[PDB]
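Trainee: Below you will find the structure I want to go over with you.
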Amino acid sequence: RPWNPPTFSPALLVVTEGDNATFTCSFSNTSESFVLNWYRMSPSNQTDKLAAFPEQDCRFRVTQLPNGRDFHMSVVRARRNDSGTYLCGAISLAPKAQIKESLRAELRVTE
Amino acid sequence: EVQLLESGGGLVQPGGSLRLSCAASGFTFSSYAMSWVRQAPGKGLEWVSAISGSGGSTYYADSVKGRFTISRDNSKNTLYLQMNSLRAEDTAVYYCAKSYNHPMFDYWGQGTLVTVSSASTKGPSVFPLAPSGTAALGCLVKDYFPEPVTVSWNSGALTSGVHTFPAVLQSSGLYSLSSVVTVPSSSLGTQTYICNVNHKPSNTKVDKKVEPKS
Amino acid sequence: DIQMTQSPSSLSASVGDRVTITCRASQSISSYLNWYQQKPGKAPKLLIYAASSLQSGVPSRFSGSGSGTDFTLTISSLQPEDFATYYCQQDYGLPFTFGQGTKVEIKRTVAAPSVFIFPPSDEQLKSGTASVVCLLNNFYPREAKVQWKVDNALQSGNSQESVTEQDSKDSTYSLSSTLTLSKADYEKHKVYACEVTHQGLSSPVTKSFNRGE
Ligand SMILES: *[C@@H]1O[C@H](CO[C@@H]2O[C@@H](C)[C@@H](O)[C@@H](O)[C@@H]2O)[C@@H](O[C@@H]2O[C@H](CO)[C@@H](O[C@@H]3O[C@H](CO)[C@@H](O)[C@H](O)[C@@H]3O)[C@H](O)[C@H]2NC(C)=O)[C@H](O)[C@H]1NC(C)=O
Ligand SMILES: *[C@@H]1O[C@H](CO[C@@H]2O[C@@H](C)[C@@H](O)[C@@H](O)[C@@H]2O)[C@@H](O[C@@H]2O[C@H](CO)[C@@H](O)[C@H](O)[C@H]2NC(C)=O)[C@H](O)[C@H]1NC(C)=O
């Protein structure tokens, strides 16, 4: 009933290999029964749940900023394989609720 | 330049099913969500369905709930709407619209028309509306069902002063329109004016010359 | 649902006039409202997004303004090709709702109708019915009175009309009336007339033909 598609910034990220890369997923909740998921489009062409909070490869992490709406989707020690298209999604724990998919973003790993 | 086109619309009977497709190009089809919007003739626009980018979540209006199913293929870059238990209300032209999450319906396809009627498909009968300053040449596309019908002149080369009027449902239960062209009087003996009529539900294409026939 | 009421339903203004369309929502939709241009027989076109931002490729004359419930579309200098119907839609929540729609019509000087009459072709007589078609080309205002006179007798219930949408180039309309009769009905009578009374006509115009020629 409330269309609250999270925002997922920035659109493109360039980081040198070995440097930590962090995104920002912002979701304005209507209830506290909700989870945020961290997705990448695998070579299988599928949304791979990289991490999620509330709670894998610890190299992809998700942190809740104490502001109440913004979470940091972070990939430590970024590797050239990590390049691709990512997104975040929030699932309200409501009886029939589902996934609200944010817009996608790109990560690019350099030398 | 995002391109969206629909297909699969035609005459459907009360009940039964019909599948619609939306071919997508110009953007990454998986990155933005897709939606359907229907509009009965002489009515406003109505949201009907929506699907997420990956397809993990589908959204349906309460009117089409439990009857329509929206679906996506990412390798083919095409949006599908499987319509079941169709009713006479469902008659409308449905458009596929890309969604920028919040900025929904960012781009719109031309839309395909779905007719929900028990009557059978009938091919149009094109009759010449010949001339007897400015003269008028025309043709009468009559006794066809369902709509639409595309009418052009000289395979689209003649678009000056061409008036193709909307289809009016006559008492027989069949639509009928007339398309006319206004040209100088002396031009009737020079150029030659051909009418191009297309009715896809019956797949009948008729081309008739408009001769004054004095 | 978020009830969308859109005022006015229709409006007519001349070239270069400031038009105003009001979109009123049941519940507040923050800034999640979009405006769409739907030319007749075409797909909708995005004009204004996020209540007031202007979509690329849309002329700057269209302006959006609104906070909370009531938002407003405004065309700076109305143009002839701006003949279309405009809807407002919210992005706040499900189900997605649009307004009723506002039809903006271009205003022009009064145009005299060009009136022609066509007899039914011999091909259609073989089909069993006959259709005389009367044409009104490039006229304004939209409203006109079409009368069929079979043997100088007014016809009723045997005629059907359709009006063309307003032209983008010259802001004129076109009308055609079709009188449907049987083959025997066409063979009984000889002279059929089409009398049209319009504001741009000093005297009523009556185009007629005789069946024998
Ligand atoms: C990339 O980040 C990792 C840490 O991994 C995690 O994700 C990051 C994006 C941040 O959110 C981190 O806070 C988080 O742990 C770095 O590795 C380690 O980072 C910590 C900082 O948190 C460094 O300080 C240590 O922290 C630990 C607890 O985590 C304490 O026990 C220690 O006493 C110390 O304070 C730590 O030195 C560091 N370790 C190594 C081996 O690097 C990583 O350095 C960083 N790399 C880049 C390129 O930024
Ligand atoms: C919206 O969420 C915030 C934070 O939610 C917490 O963390 C989320 C990831 C999830 O685990 C939630 O279940 C958690 O509650 C809520 O902020 C909390 O508000 C309460 C009071 O209402 C306060 O006691 C907590 O300390 C707050 N915690 C944080 C981290 O801010 C907020 O209430 C939620 N609002 C809505 C609309 O549900």
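Positions of Cβ are generated from backbone atoms using ideal geometry, with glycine treated the same way; all protein chains shown enter the neighbour counts. Just so it is clear, none of the values below were taken in a lab; they were calculated from the coordinates.
Trainee: Quickly run through the stretch B:39-69 and pick out the residues that are part of a strand (DSSP E or B) and small (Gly, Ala, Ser).
Mentor: Answer for the stretch B:39-69, where residues must be part of a strand (DSSP E or B) and small (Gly, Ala, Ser): B:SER49, B:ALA50.
Trainee: I would also like to ask the following. Please go through the stretch B:149-171 and pick out each residue that is within 9 Å of another protein chain (Cβ to nearest Cβ), farther than 20 Å from C:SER168 by Cα and assigned to a loop (DSSP other than H, G, I, E, B).
Mentor: Matches in the stretch B:149-171: B:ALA167, B:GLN170, B:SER171.
Trainee: Do you know which residues across the stretch A:11-33 are away from ligand 1 (no atom under 16 Å from the Cβ) and away from chain B (no Cβ under 14 Å)?
Mentor: Correct list: A:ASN29, A:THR30, A:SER31, A:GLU32, A:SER33.
Trainee: Still on this model: Might you let me know whether the stretch A:66-79 holds any residue that is closer than 24 Å to B:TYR100 by Cα and over 9 Å from the mean Cα position of the chain (by Cα)?
Mentor: Yes.
Trainee: Can you name every residue in the stretch C:1-18 that is closer than 15 Å to C:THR102 by Cα, under 18 Å from the mean Cα position of the chain (by Cα) and not in a loop (DSSP other than H, G, I, E, B)?
Mentor: C:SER10, C:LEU11, C:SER12, C:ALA13
Trainee: Which condition number does B:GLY111 fail, the rest of (1) within 9 Å of another protein chain (Cβ to nearest Cβ); (2) surrounded by fewer than 21 Cβ atoms within 10 Å (Cβ to Cβ) being met?
Mentor: B:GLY111 satisfies every listed condition except (2).
Trainee: Also, I was wondering about something else. Looking only at the stretch A:94-108, decide whether some residue is within 13 Å of ligand 2 (Cβ to nearest atom), under 19 Å from B:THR58 (Cα atoms) and in a strand (DSSP E or B).
Mentor: no
Trainee: Let me ask something else. Testing A:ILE91 on (1) more than 16 Å from ligand 2 (Cβ to nearest atom); (2) under 14 Å from the mean Cα position of the chain (by Cα); (3) farther than 19 Å from B:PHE29 by Cα; (4) surrounded by 17 or more Cβ atoms within 10 Å (Cβ to Cβ), one condition comes back false. Which one is that?
Mentor: Looking at each condition in turn, A:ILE91 falls short on (1).
Trainee: Is it true that B:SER31 is part of a loop (DSSP other than H, G, I, E, B), more than 12 Å from B:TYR94 (Cα to Cα) and more than 11 Å from chain A (Cβ to nearest Cβ)?
Mentor: The answer is no for B:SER31.
Trainee: Which of the residues that make up the stretch A:45-75 are away from ligand 1 (no atom under 13 Å from the Cβ) and over 13 Å from A:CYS25 (Cβ atoms)?
Mentor: The answer is A:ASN45, A:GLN46, A:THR47, A:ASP48, A:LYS49, A:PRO54, A:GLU55, A:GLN56, A:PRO66, A:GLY68.
Trainee: Still on this structure: Taking the conditions exactly as written (closer than 18 Å to C:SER131 by Cα, under 19 Å from the mean Cα position of the chain (by Cα) and either aromatic (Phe, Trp, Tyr) or surrounded by fewer than 20 Cβ atoms within 10 Å (Cβ to Cβ) (or both)), does B:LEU177 satisfy them or not?
Mentor: It is false that B:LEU177 is closer than 18 Å to C:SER131 by Cα, under 19 Å from the mean Cα position of the chain (by Cα) and either aromatic (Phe, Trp, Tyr) or surrounded by fewer than 20 Cβ atoms within 10 Å (Cβ to Cβ) (or both).
Trainee: What number of residues within the stretch B:70-93 satisfy the criterion of being assigned to a strand (DSSP E or B), out of contact with any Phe, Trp or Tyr (no Cβ under 6 Å at 6 or more places or on another chain) and buried (at least 17 other Cβ atoms within 10 Å of the Cβ)?
Mentor: Residues meeting the conditions: 8.
Trainee: So, one more: Scan (1) of a type outside the set (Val, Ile, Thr); (2) more than 12 Å from ligand 1 (Cβ to nearest atom); (3) within 10 Å of the chain's Cα centre (by Cα) for the single condition A:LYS96 breaks and write down its number.
Mentor: (3)
Trainee: Does A:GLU17 satisfy the criteria of being charged (D, E, K, R), away from ligand 2 (no atom under 16 Å from the Cβ) and in contact with a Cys (Cβ under 9 Å, 6 or more places away or on another chain)?
Mentor: Against the criterion (charged (D, E, K, R), away from ligand 2 (no atom under 16 Å from the Cβ) and in contact with a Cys (Cβ under 9 Å, 6 or more places away or on another chain)), A:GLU17 does not qualify.
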